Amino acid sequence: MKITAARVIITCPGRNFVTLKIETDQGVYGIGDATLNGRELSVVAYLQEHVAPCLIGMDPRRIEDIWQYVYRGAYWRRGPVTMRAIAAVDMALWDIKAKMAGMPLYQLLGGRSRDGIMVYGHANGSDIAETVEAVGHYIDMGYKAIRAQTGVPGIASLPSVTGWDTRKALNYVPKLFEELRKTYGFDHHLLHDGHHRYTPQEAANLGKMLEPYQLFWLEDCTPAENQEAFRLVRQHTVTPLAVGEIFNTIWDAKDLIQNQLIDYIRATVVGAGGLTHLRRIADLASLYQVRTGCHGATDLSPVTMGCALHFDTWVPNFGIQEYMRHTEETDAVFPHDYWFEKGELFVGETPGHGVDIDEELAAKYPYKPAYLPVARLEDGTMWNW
């Protein structure tokens, strides 16, 4: 058995998505997500111009070997572009193996550990009043967990520039959660995304102020290239901590996990090298009772969601799954076997990861440049968005 082609497909059914399709001389084929929001074409080149030519002729059944080949063979290891390419290959290969086995992917990973996959939605508002309303809406839709984000009073052809001020946020954010618990009580899981805006001391300060509100987690409270950054936070607060959507290898989280500085690892199948590698991250996390909390914004295509759900269905130390709804056009371009119902996602029995791509339809939505925004402090200082 041999790989006869590894093609990259680009489409924009509401937003940009890059997909890798691996074809074999035995009819069966697999697809993987390679989307890197804001830098999509760099991954297209990485795959199309370098990796794909190497895959031709290889035995697609050798998932581990190919993973090691692309990971070690690159010589320059790790990285967002590098790991997105590896992830696309890995997803496509697991898709092929599950199809060949005649089973939905989760069966190959070890079988079902749960029925439904708990998710959380995004309740946003320009102020506390509006955000409180948004959370109520998600509660009415049957969500068990809701992430609440509010604008702070006083604070995509090219990157939009957003402003930020820590003191203003510190004086406002706690009030949001105080009102939420006062309004809806403590039955629902409430989440907050710090989005890399605080220093460790400020994150500890915020976490402490949020303690009486029992949050499910405070996410990405401070930049984590330095894994010691969560030390001060963990030492001063019991508010659960989550991090990792931008991580791409287990090396980005090894210390955060072993030093027990986090409660949830947010790494994803597309961000951290496919099922092959994400499984290793989850296993390490399980040793310290850290649970998975896979990132799941819309810039992760339905192919990733399919793989993520198969993973979530099997993984023992499952925590929660982020869920942002894709547009109808995206759902049409990426036929998938998973659905949402009363606060939970469910993956189907379709062999493979259950997702596919309609190449003919995909071609009707041409690529369109789009950037993530950037953030600057009031004095103009480049900050973390």
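All residue numbers are counted from 1 along the displayed sequence.
Missing coordinates between residue 155 and residue 156 amount to 10 or more residues of the deposited sequence. Stretch comparison (218 to 226 versus 126 to 134) by mean CA B-factor in the PDB entry places 126 to 134 on top. Between 145 to 153 and 265 to 273, it is 145 to 153 that carries the larger average Cα temperature factor according to the deposited entry.
You'll see in the entry that, of 240, 121, 302, 244, the Cα B factor peaks at 121. Looking at 320, 54, 31, 34, the one whose CA carries the top B-factor in the deposited record is 54. In this PDB entry, the Cα temperature factor of residue 161 sits in the top third of its chain's modelled residues, the highest group. Residue 334: CA B factor in the middle third of modelled residues in this chain (values from the PDB entry). Per the PDB record, residue ranking by Cα B-factor puts residue 298 in the highest third of the chain. Residue 306 sits in the lowest third of its chain by CA B factor, as recorded in the PDB entry. Ranked within its chain, residue 24 lands in the highest third, by CA B factor from the PDB record.
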